[PDB]
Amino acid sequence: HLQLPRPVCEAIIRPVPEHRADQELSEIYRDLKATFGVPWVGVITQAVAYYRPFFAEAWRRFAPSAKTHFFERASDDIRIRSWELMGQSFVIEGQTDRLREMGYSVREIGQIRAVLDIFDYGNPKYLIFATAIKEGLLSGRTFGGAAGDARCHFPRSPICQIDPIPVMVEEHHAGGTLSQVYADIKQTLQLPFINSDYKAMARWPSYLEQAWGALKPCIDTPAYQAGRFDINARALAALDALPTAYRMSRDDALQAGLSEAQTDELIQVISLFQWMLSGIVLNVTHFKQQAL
C-alpha cells in the first residue's frame, strides 16, 4: 500500500512559456536547456519562472550539481527504474501494429519514438530539480555536498539535442475534440495543466488518444501508486546525494526578493509540480514501452 498524496493546491499557476519569454528569462531558459541537455523548458520551471528572482537563484544554486557525472547517472537511473517498474507491473502488448493499421508509416512511427525519447530522458532531471526546490523550501535544509568518489564531480556525458523546441499543440491551439482529450487528462491526473509531453504527442492527434486511452486505466492502480512512491523516493535520494551542496530556504526566498506570502504560494505550486513529475515518468515510460 505504498502511496503518494496529491497535496492541497490553493495556488494559481502562471507559466511563462518559451514563445512568450522575454530576453532575460529566455537566457535562463537557454542555460537551463543547455545544462540539462533537453530541447524543452518544462512547465514546472515555466511556473517557478513567475517567481523569477527565486528561480534565478535556485537555478544558480542547483546548476553546479546538474553539470556533473553524478546527476547524469542519477537521472538515468530513475529512467531505468521506471522502465523496470512498469515492465514488471503492467502488460504492454505493443501498438506499432495498431498504428500501421491506422495509417502510420515506419518513418512516422520513428518520429513519434523520437519525441517520447526526449521526455524519457529529460523528466528525471526535472523531477530531481523539482524535489530539491520543494524540499529546500519546506525543510530549510542544506542538501548534498560530500566529496566521496571524485568521479562523481566529473562533467556529465556531454552530447545533447537542444534545438528546436518540440512541436507542441498548446491549449489555445487545440480544437474541440483534442480539448476533450485535454480535459480528460487534467481531470484523470488531477492537474490544472497539460504536460509538455502530451502537447507534443498531440501533433499526432489520433496517436495521442490511442496511447492515453491505453494508459488511463493504469493511473492510480495500486502498482502504479507503489511505483510512483518508488520513483519519488529515488529523487529524494538524488537530492541527498548532490555533489555540490544545495540550500534554498524560505529565508533565502525572502533574500531573493519574494514576500513571505509569495513564498507560501510558491511552496504550494512547486509541491504540485513535484508530485506531478513522478507520475509523468511512469507515464512516458508506458507510452514508450507500447511504442516498442
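Numbers for residues come from their place in the sequence shown, where the first is 1.
The PDB entry reports B-factors from which the mean C-alpha value can be compared for 86-94 and 139-147; the larger average falls on 86-94. As the entry records it, the average C-alpha temperature factor is higher for 175-183, out of 125-133 and 175-183. Listed residues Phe193, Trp204, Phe71, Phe119 were ranked by CA B-factor as deposited; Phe193 comes out on top. The PDB entry gives the largest Cα B-factor of the residues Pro155, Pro166, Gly110, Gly213 to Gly213. When the modelled residues of the chain are ordered by C-alpha B-factor, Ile267 sits in the middle third. For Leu208, the recorded CA temperature factor ranks within the middle third of the chain's modelled residues. Ranked by Cα temperature factor within the chain, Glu57 sits in the middle third according to the deposited record. Among all modelled residues in its chain, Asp77 ranks in the lowest third by Cα B-factor. Compared with the other modelled residues of the chain, the Cα B-factor recorded for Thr285 ranks in the lowest third.
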